[PDB]
Amino acid sequence: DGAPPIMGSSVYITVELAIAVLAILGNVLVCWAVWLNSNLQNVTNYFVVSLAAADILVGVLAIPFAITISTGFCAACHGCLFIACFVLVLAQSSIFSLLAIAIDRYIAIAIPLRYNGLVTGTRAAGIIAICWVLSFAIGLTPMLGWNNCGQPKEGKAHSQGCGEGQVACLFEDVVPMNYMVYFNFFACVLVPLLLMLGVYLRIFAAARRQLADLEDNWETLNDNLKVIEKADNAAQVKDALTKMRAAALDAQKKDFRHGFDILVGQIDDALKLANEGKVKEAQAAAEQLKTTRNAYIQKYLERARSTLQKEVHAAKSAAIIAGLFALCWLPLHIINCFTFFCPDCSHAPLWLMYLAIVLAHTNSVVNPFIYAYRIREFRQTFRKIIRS
Ligand SMILES: CC(C)CCC[C@@H](C)[C@H]1CC[C@H]2[C@@H]3CC=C4C[C@@H](O)CC[C@]4(C)[C@H]3CC[C@]12C
Ligand SMILES: CC(C)CCC[C@@H](C)[C@H]1CC[C@H]2[C@@H]3CC=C4C[C@@H](O)CC[C@]4(C)[C@H]3CC[C@]12C
Ligand SMILES: CC(C)CCC[C@@H](C)[C@H]1CC[C@H]2[C@@H]3CC=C4C[C@@H](O)CC[C@]4(C)[C@H]3CC[C@]12C
Ligand SMILES: CC(C)CCC[C@@H](C)[C@H]1CC[C@H]2[C@@H]3CC=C4C[C@@H](O)CC[C@]4(C)[C@H]3CC[C@]12C
Ligand SMILES: CCCCCCCC/C=C\CCCCCCCC(=O)OC[C@H](O)CO
Ligand SMILES: CCCCCCCC/C=C\CCCCCCCC(=O)OC[C@H](O)CO
Ligand SMILES: Nc1nnc(-c2ccc(O)c(Cl)c2)c(-c2ccccc2)n1
Ligand SMILES: CCCCCCCC/C=C\CCCCCCCC(=O)O
Ligand SMILES: CCCCCCCC/C=C\CCCCCCCC(=O)O
Ligand SMILES: CCCCCCCC/C=C\CCCCCCCC(=O)O
Ligand SMILES: [Cl-]
Ligand code: NA
């Protein structure tokens, strides 16, 4: 009752080739956009390009390799091992790029004053090169001896007419499942993804605190102004002014500096009048602070808030990319856990394996769409490339 295998194979192969074309076209566009637009040439987007390069190689190499290993063709076992393991290199490189992007965004939100001195393009290129070497080491670890080539399935090889030293080339026949679950999934995929989640939680928590701090200093500026107006002695004016002077410097950490120079100076003017017991003169001097607040301080408040909201928006776009990676790759890893941990369970059917593989490959298509829909500089650059 077995339908011809070439029928179901043709559907799987046709879908894979369609995904490969789309993965190449979209991510080549990403690389072409960063190359052309200097506004897109930053450390964050160098890891984006490294991530796009991995997705280009999914369509050029990993998908042709996946098509090849689905046939079970006769091959030298270590040759079969290489084409089976190469996708692990690309997946690992993607994980390193995703983790670097999250860390890069955390440095920008937590220590922006020393970000440009710490995170440079030259150091980013060196990190990218190191992560690619580690991705080959991790993904090709089975070629170092942790494989099933020492125990070939000779009955399957003889039935397919394979020569001596050859095996029917199938992923689960050469790559050990304990490597795939413990080493690749748990250690090399799950742990970095959980680290990324922790980094993004710290990014959004840091942004929420900084936006709260901005609003607290703005309220303290306006509350103590009311305290001075309804004060009854010079000591009460002095108490409210001392809190404003420290909060003004706390919020200060050309037109920006001039606005705060006026503010602290006007606070000092009113403070000197308060220390001399001149309540009415100190209150009138403190009323001049409202002119500085409307013309300078509120504009800084708004611009600083706008910058934080743009960093939140960019961190969400990056987190969506990392989340979609997890969504597309987790089914394959969960299936391997069932194969490995439940030998009394029937193996997941072949059609489900193909579907899980196609889903993982589709992740190499989605990133250019996230950039186009969420990052205006990419979207506008994409339009210029396509129109021209
Ligand atoms: C620079 C880039 C484009 C070169 C890509 C080289 C690829 C296509 C080459 C490099 C090593 C090759 C493999 C090496 C060994 C074997 C064992 C043999 O029994 C069947 C073919 C097989 C499995 C080869 C398939 C093709 C292969 C994967
Ligand atoms: C870009 C260039 C420098 C990459 C060079 C990669 C070369 C050195 C590597 C990549 C994969 C390797 C092959 C992978 C598997 C096998 C099958 C084994 O039964 C004999 C060796 C053979 C055929 C290897 C020979 C060396 C090989 C071809
Ligand atoms: C949100 C996403 C990541 C969740 C993905 C859940 C998927 C991968 C899970 C949900 C139910 C699972 C299946 C439940 C039962 C069986 C029967 C067993 O004999 C083989 C595995 C198999 C076929 C499982 C394979 C993996 C599976 C399809
Ligand atoms: C998504 C992140 C946060 C966690 C990943 C959850 C993974 C590791 C969990 C979710 C569901 C789990 C499976 C659920 C059911 C079974 C059947 C049992 O007979 C053996 C273990 C096995 C196969 C589990 C292995 C581990 C498993 C795949
Ligand atoms: C610009 C592109 C850059 C470079 C692009 C390279 C693309 C690689 C394509 C296919 C690899 C498939 C290779 C595996 C084919 C094996 C078939 C085979 O070997 O069959 C005889 C064997 O002895 C069984 O009995
Ligand atoms: C699975 C196999 C795992 C392999 C386990 C061992 C791998 C080595 C690990 C890291 C090397 C880190 C790179 C060190 C290269 C030198 C960097 C450097 O010189 O730069 C300092 C710089 O001045 C500051 O910006
Ligand atoms: N049992 C099993 N079978 N096939 C693959 C496989 C092979 C080639 C590919 O191109 C892709 Cl995407 C998947 C994986 C597998 C699972 C997780 C990570 C890497 C490979 N696991
Ligand atoms: C708008 C961009 C258009 C790009 C065209 C890409 C379309 C890809 C469609 C199908 C790929 C496979 C075609 C033939 C597969 C043969 C099936 C088989 O024999 O296994
Ligand atoms: C831009 C360069 C892209 C590379 C082009 C490769 C496209 C070919 C697609 C799939 C390769 C199929 C491998 C053949 C399977 C072997 C079948 C068998 O021998 O039994
Ligand atoms: C078989 C490999 C296993 C060990 C992995 C070694 C780690 C990577 C080794 C060399 C990477 C070379 C590039 C280093 C330059 C650093 C530049 C910089 O950080 O500023
Ligand atoms: Cl935007
Ligand atoms: Na990827």
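Quick notes on the rules
Sequence order as written determines residue numbers, which begin from 1 on each chain and need not coincide with the entry numbering; residues that lack coordinates are not included. Both sets of labels track the order of writing: A upward for chains, 1 upward for ligands. Only heavy atoms go into the side-chain values, all of them from the structure, while hydrogens and water stay out. UniProt positions are given in the numbering used here, feature names are shortened, and annotations may be inferred rather than shown by experiment. The rule for donors is simple: N, O or S, within 2.8 Å of the metal, or within 3.2 Å if the metal is Na, K or Ca. Water isn't counted, so a site may look like it is missing partners. Helix numbering and strand numbering both begin at the N terminus, where a helix is a DSSP run of H or I of at least 4 residues and a strand a DSSP run of E of at least 2. Exposed residues in this analysis have more than 50% of their type's maximum accessible area, buried residues have under 20%, and partly exposed residues fall in between, with area computed by a 1.4 Å probe over protein chains only. Any two of the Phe, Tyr and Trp rings considered here, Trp counted by its six-membered ring, make a pair once their centres fall within 6.5 Å; the pair's planes then place it as stacked at under 30 degrees, edge-to-face at over 60, or tilted in between. The cutoff for a nearby residue is simple: one of its non-hydrogen atoms must lie within 4 Å of the molecule or strand. Whenever two N or O atoms come within 3.5 Å, that pair is a polar contact, provided that in protein one can donate a hydrogen and the other can accept it, and provided that, for residues adjacent in sequence, both atoms are side-chain atoms. A 1.4 Å probe and the Shrake-Rupley method give the accessible areas. Residues count as covered only by the protein chains that appear here. Three classes are used: nonpolar for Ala, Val, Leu, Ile, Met, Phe, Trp, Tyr, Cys and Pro, charged for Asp, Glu, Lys and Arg, and polar for all others, with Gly counted as polar.

Structure determination for the deposited model, as stated in its record, used X-ray crystallography, and the stated resolution is 2.100 Å.

The PDB entry lists the protein chain under the name Adenosine receptor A2a,Soluble cytochrome b562,Adenosine receptor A2a, from Homo sapiens. As its UniProt record puts it under Subunit (literature references left out), the protein chain is described as follows: "Interacts (via cytoplasmic C-terminal domain) with USP4; the interaction is direct. May interact with DRD4. Interacts with NECAB2. Interacts (via cytoplasmic C-terminal domain) with GAS2L2; interaction enhances receptor-mediated adenylyl cyclase activity (By similarity)."

The next subject is the coordination of the sodium ion (ligand 12). Around the sodium ion (ligand 12), the protein supplies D55 (OD) and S94 (OG) as donor atoms, at distances of 2.4 to 2.6 Å. One end of the pair, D55, is in helix 2 (residues 43-69); the other, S94, is in helix 3 (residues 77-110), with 39 residues separating them in the sequence. We classify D55 as buried; its relative accessible area is 3%. Among the residues examined, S94 registers a relative accessible area of 4% and is labelled buried.

This part takes up the packing of aromatic side chains. Throughout the structure, instances matching the rule amount to 20 aromatic pairs. Aromatic pair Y182 and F341: ring centres 6.0 Å apart, planes at 70°, arrangement edge-to-face. Summarising the aromatic geometry, the rings of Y200 and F204 are spaced 6.5 Å apart at their centres and angled 25° between planes, so their arrangement reads as stacked. In this pair, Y200 and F204 are both assigned in helix 8 (residues 177-229), four residues apart and thus about one turn of the helix distant. Judged by relative accessible area, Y200 falls into the buried class, the value being 6%. What makes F204 partly exposed here is its relative accessible area of 28%. Clustering of aromatic rings is evident, with ring pairs tying together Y182, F185, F186, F340 and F341.

Moving on: the site of ligand 1. Around ligand 1 sit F65, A75, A76, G79 and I83, and that is every residue in its neighbourhood. A distance of 2.8 Å separates an oxygen atom of ligand 1 from a polar atom in the backbone of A76. Considered on its own, ligand 1 offers 620 Å² of accessible surface; in the complex 38% of this is hidden by protein. Broken down by secondary-structure element, the contributors of at least two residues to the shell around ligand 1 are strand 1 (74-76) and helix 3.

This paragraph deals with the UniProt feature "transmembrane region" in the protein chain. As annotated in UniProt, the feature "transmembrane region" corresponds to residues 11-35, 46-69, 81-103, 124-146, 177-201, 318-341 and 350-373 in the numbering used here. In this annotation, residues 124-146 is assigned 70% helix and 0% strand; the end-to-end C-alpha distance for the span is 32 Å. The distance from the first to the last C-alpha atom of residues 318-341 is 33 Å, and the span holds 100% helix and 0% strand.

Right, let's get into the site of ligand 8. The immediate surroundings of ligand 8 are formed by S10, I13, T14 and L17. Contact with the protein chains hides 35% of the accessible area of ligand 8, taken as 600 Å² for the molecule alone. A breakdown of the residues in the shell around ligand 8 according to their chemical character gives two nonpolar, two polar and no charged.

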